[PDB]
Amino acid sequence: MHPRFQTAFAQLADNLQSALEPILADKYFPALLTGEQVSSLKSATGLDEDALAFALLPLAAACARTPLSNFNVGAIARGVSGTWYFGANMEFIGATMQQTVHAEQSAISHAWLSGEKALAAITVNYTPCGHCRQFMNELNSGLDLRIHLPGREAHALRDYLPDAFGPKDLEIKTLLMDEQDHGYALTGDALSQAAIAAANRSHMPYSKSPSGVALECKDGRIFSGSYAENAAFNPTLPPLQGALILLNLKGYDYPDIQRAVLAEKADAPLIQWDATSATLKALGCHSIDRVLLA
């Protein structure tokens, strides 16, 4: 068990602890549960999906990186595949408030970057902020996505965001998590190729500026992040954050990053380079390169 899960696990119900102890054994438990694992968990406890998701939220919140607030939020995104993806909020000392990752964005990005094609529901241990409701309205699930919160009854996103602004208002038909491939040729080494592959999956219908970041860890692990625009612009997930969401959920920590690469167009209306390098230097990484698409 990775040390982060240790207090949360200790507080779980006995039959849940038992069913989970095999799964959580590995330090690099991927903060995700396949359909099969969810079925076993249900057989061992008698919990249904929603109640299981709620019971598990302490483990998702245990992945939160909150040096400023000490307010840990956990979210579980439930893929249409049946896979459940954890997500937790992250705050970065030395950067800005605009670089913060919310638990809900972490869980959705985990699912999208893992290749999930659509989400069925999202379970969170605290009500989502307007920034997250706006982020969720970018998805191909639109206003129908169901949110599950402790003590409340389920609701579609349209109930949490009445008279919603979204891609339709800007006449955009390509929604986040729809299949996208921008056809940039992968060149360079492993890390730049991973960054370009991430840029190829970019959701960028508003500025048409593709970008992706890939981080290489001490042990050779590469974590990649694709850029995801939002119709309201500011809730956009920058490329670096995707990679850091993955690095953290998968059990690693910022001192394990060795190199990082950002791929983006040279003549692009929006440029990620400055915010990427500045946040990475804040986290300690200083080996940052940029490969540019054409």
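Note that residue numbering begins at 1 and tracks the sequence as displayed.
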Of the two stretches 72 to 80 and 166 to 174, which shows the higher Cα B-factor on average in the entry? 166 to 174
For the C-alpha atoms alone, is the average B factor greater in 189 to 197 or in 89 to 97, going by the entry? 189 to 197
Which one, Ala118, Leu145, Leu161, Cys217, has the peak C-alpha temperature factor per the PDB entry? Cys217
Given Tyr227, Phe54, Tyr28, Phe233, the residue at which the Cα B factor reaches its maximum: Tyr28
Within this chain's modelled residues, let me know which third the CA B factor of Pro238 belongs to: lowest, middle or highest. lowest
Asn15 - which third its CA temperature factor falls in, relative to the rest of the chain: highest
Considering every modelled residue of the chain and its Cα B-factor in the PDB entry, is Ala275 in the lowest, middle or highest third? lowest
Mind checking which third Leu244 falls in for C-alpha B-factor across the chain? lowest
Lowest, middle or highest third - CA B-factor, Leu59: middle
